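Shown here is one chain on its own, the form deposited in one PDB entry, set out as structure tokens.
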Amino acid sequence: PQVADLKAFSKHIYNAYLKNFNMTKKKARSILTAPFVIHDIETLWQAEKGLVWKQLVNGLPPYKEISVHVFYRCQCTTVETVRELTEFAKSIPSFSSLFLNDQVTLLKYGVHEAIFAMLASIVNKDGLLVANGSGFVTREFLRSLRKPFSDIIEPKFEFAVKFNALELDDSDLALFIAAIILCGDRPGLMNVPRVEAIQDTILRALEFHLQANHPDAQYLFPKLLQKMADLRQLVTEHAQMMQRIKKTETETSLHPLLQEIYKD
């Protein structure tokens, strides 16, 4: 029953993944191998005028400085990805079967881990794609921002480069992300056994998918479990840096949805 049942299960989640995420790793890698390079104030200014963003510039807070503007651009991209992760989750029948409060709990504590995991898809050692792959913001430019804003993004690059060395494709990622969302460990969950059961099914689907898709990649599955653990620490460290900013930079605002996610 299992292997055939789980291949169908995997196929469905892969389809949900393709349906709800505009930028695939496949699409991203092709571009990363002709986007407009953002590497300083002038080119970002030109990008804001030239490129097509999902969130219009006039919708963002009034311009103060480059570091804070980038910080707001990060929030915009995050909120957009959270929107897609929500529809991705809702496109998974077992997820949508959960009570709505549990759905919210899983998304609340899950999306940032998933975002940092998916972030690698549009990242190389030199920078990351923005504006639907129309732009490419350099890693050095992001390093050049003033404290505390420069230190937030660099750890995500470090994780991504190691993560991309595993060479997962979109079919692997769909299951990997699904396993991050449907996680029985989240605080305040109502029906833990049910979520743990779904999570187990996804992980069994993944281990079989990896054997079929990556037959010669030894220890690939336990390595990915470790990355799931690593992502929890990355998010923990991220939340601390975000907290530092709210305290020290009282002038800067936080998007209301993100306020709710960080409410604790």
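In case it trips you up, residue 1 is the first one in the sequence shown, and so on. Whichever C-alpha set is largest while still superposing within 1.5 Å between the two forms counts as the rigid core.
Only in words, not in the display: the form deposited in another entry, which the text now covers.
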ask   = Core fitted between the shown form and the other one: which of 218, 211, 226, 236 shows a C-alpha shift of 2 angstroms or more?
value = 218
Rigid core superposition, residue 66 Cα moves 2 angstroms or more between the shown form and the other one = no
inquiry  = Aligning on the core only, does the CA of residue 56 end up 2 angstroms or more away between the shown form and the other one?
reply    = yes
query = Relative to what is shown, are the Cα atoms of residue 54 and residue 163 closer or farther apart in the other form, where the gap shifts by 3 Å or more?
reply = farther
task = Pin down for me whether the residue 80-residue 56 Cα distance shrinks or grows in the other form relative to this form (closer or farther, change of 3 Å or more).
result = farther
